[PDB]
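The next block holds one structure in the form of structure tokens; read it before the comments.
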């Protein structure tokens, strides 16, 4: 079943990302089985700015929102603690999706 998201595009797939929170519980909490989460995010042609603030932060909020509405339709809730990780991991995906091929076109950063 899928019937609630529909606004933004569909960004390229990848591996499960993993950010260094360095708190070992907090790391484990995802390192356990995190592959169950999506490994794509939802973006828009931003142009001009490319990679300023809202490029990632808006893309996080949209991705989050296409799940908050989902969960509101489903009958579930998240934690602030999950959301801390979720934000970092979706934030990373919204950068890394752009760094796949958008960064070959737009932007730079060989080192």
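Residue positions begin at 1 at the first shown residue.
When the header is checked for method, it gives solution NMR.
In case you wondered, yes, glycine gets a Cβ from its N, Cα and C as well.
Look at Swiss-Prot and you will find 51, 61, 77 tagged as N-linked glycosylation site. Annotated disulfide bond per Swiss-Prot: 59-94, in sequence order. The GPI-anchor amidated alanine annotation in Swiss-Prot covers 110.
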Inter-residue Cα distance where the pair is the residue listed as 'GPI-anchor amidated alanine' and residue 94 (disulfide bond), in Å = 19
Task = State the count of C-beta atoms found within 10 angstroms of the C-beta of residue 77 (N-linked glycosylation site), not counting that atom itself.
result = 9
Message = With DSSP assignments reduced to helix, strand and coil, which class does residue 94 (disulfide bond) get?
response = helix
Ask   = Among the recorded positions listed here, 59, 94, 110, whose Cβ has the fewest other Cβ atoms inside 10 Å?
value = 110
Remark   = Cβ neighbour count (10 Å, all chains) around residue 51 (N-linked glycosylation site) is 16
Remark   = From 51, 77, 110 (recorded positions), the ones whose CA sits within 10 A of residue 59 (disulfide bond) are none
Inquiry  = For residue 59 (disulfide bond), which of the three DSSP-derived states applies: helix, strand, or coil?
reply    = helix
Inquiry  = Can you give me the Cα-Cα distance between residue 51 (N-linked glycosylation site) and residue 77 (N-linked glycosylation site) in Å, rounded to a whole number?
reply    = 31
Ask   = Per DSSP, residue 77 (N-linked glycosylation site) is which: helix, strand or coil?
value = coil
Ask   = For residue 61 (N-linked glycosylation site), what is the tally of other C-beta atoms lying within 10 angstroms of its C-beta?
value = 15
